[PDB]
Structure formats: structure tokens, C-alpha cells
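Heads up, the thing below is written out as C-alpha cells.
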Amino acid sequence: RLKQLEXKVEXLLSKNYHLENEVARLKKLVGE
Amino acid sequence: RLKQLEXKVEXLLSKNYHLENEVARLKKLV
């Protein structure tokens, strides 16, 4: 159960970083 | 320790949905 929870934290972190990269990208589109 | 990991998954998810909503608002503007 621990390992699964640890793997879920790492998957969610990864998705959050991708979503933050997508927000920064669209903020640049707005600024253009 | 399990409870701390469960709290961390719940905080990451909550954050993920804030970022998804923000991505959708920006996509609509753009």
C-alpha cells in the first residue's frame, strides 16, 4: 500500500508539473 | 506514514484540479 501511495504522489506531481508548464505557455500566448 | 502519503495525494489532486480549471479559463480567453 505504501509503494502504491508513493507511486500515486509521483504520478500526480508529474501531471501537476505538466499542467504548470501548460499554464505558463498559455500565459505567454495571452501576453503576445 | 500511510496517512501522510494519503494527505499528500489529496493535496496534489486538489492542486491538479486548480491547474486544470486555470488551463481551461486561459484556453477560453486565447
Side-chain angles (χ1 to χ4, degrees), chain A residues 1 3-31, chain B residues 1 3-14 16-21 23-30:
Chain A
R1 275 214 298 156
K3 306 224 208 180
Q4 288 191 74
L5 284 176
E6 289 162 349
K8 178 151 208 200
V9 167
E10 306 155 8
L12 283 171
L13 186 64
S14 167
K15 299 191 180 227
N16 286 9
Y17 281 151
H18 166 62
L19 283 179
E20 281 162 25
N21 299 165
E22 286 295 321
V23 162
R25 185 206 116 236
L26 289 156
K27 284 175 172 180
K28 297 179 217 280
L29 280 177
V30 173
Chain B
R1 202 153 73 87
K3 270 157 126 146
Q4 269 141 252
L5 286 166
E6 293 165 349
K8 178 71 133 78
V9 171
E10 293 156 17
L12 285 180
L13 184 66
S14 171
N16 177 273
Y17 287 150
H18 174 62
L19 295 163
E20 281 169 41
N21 296 164
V23 163
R25 292 186 270 268
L26 289 164
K27 285 190 143 101
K28 283 171 212 304
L29 189 80
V30 138

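No hydrogens, no waters, no symmetry mates; every other heavy atom, side chains included, goes into these values. Throughout, a chain's letter reflects where its sequence line sits, starting with A, and its residues are numbered from 1.
Formation of a donor-acceptor pair under 3.5 Å by the A:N16 side chain with backbone atoms of B:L12 is found in this model. Checked by atom type and distance alone, the side chain of B:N21 pairs as donor or acceptor with a backbone atom of B:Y17 at under 3.5 Å.
In summary, A:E6 and B:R1 engage in a salt bridge, as defined by a charged side-chain N under 4.0 Å from a carboxylate O. Using a cutoff of 4.0 Å between basic side-chain nitrogens and carboxylate oxygens, B:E20 and B:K27 are not scored as salt-bridged.
Note that CG of B:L19 is 13.0 Å distant from NZ of A:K15, once rounded to the nearest 0.5 Å. Here the NZ atom belonging to A:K8 is positioned 12.0 Å from the CG atom belonging to B:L5, to the nearest 0.5 angstrom.
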